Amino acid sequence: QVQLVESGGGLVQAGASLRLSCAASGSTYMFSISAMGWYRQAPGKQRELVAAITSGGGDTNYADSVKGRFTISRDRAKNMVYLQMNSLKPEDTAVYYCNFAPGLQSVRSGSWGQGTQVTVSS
């Protein structure tokens, strides 16, 4: 199985930057050949895919609401997926989750880590 652990979140002011890390262990094989994404769930809202990246690391998809502010990247050798979050807005306030993103679209899964809380104050 793939074990994913999420970090990098917490409290910032609007306009600030964060960098989230998803680290894979276990079937790092499965992780390396798999499209990965960063998901977020805001309070009162449905979980949404915001950024996805191919196995190769060179091809990406973003939600229009984060496009150009957030960059997804991966380190294929270190089994890591990153989200660089620039120009944070109060509406980016959410729990952020990394998971598979087949076809650079949303997975259907009951297997989620704990996520990383991102709080942006005005």
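One rule holds for the numbers: they count along the sequence shown, beginning at 1.
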Practice task
Please work out which of 37-45 and 93-101 has the higher mean CA B-factor as recorded in the PDB entry.
Solution key: 37-45
Practice task
State which stretch shows the higher mean Cα B factor in the entry: 109-117 or 17-25.
Solution key: 109-117
Problem - Residue, from 83, 30, 53, 80, that the PDB entry assigns the highest Cα B-factor - result: 30
Problem - residue 87, C-alpha B-factor rank within chain (lowest, middle or highest third) - result: highest
Practice task
Just say lowest, middle or highest third for the CA B-factor of residue 65 relative to the other modelled residues in its chain.
Solution key: highest
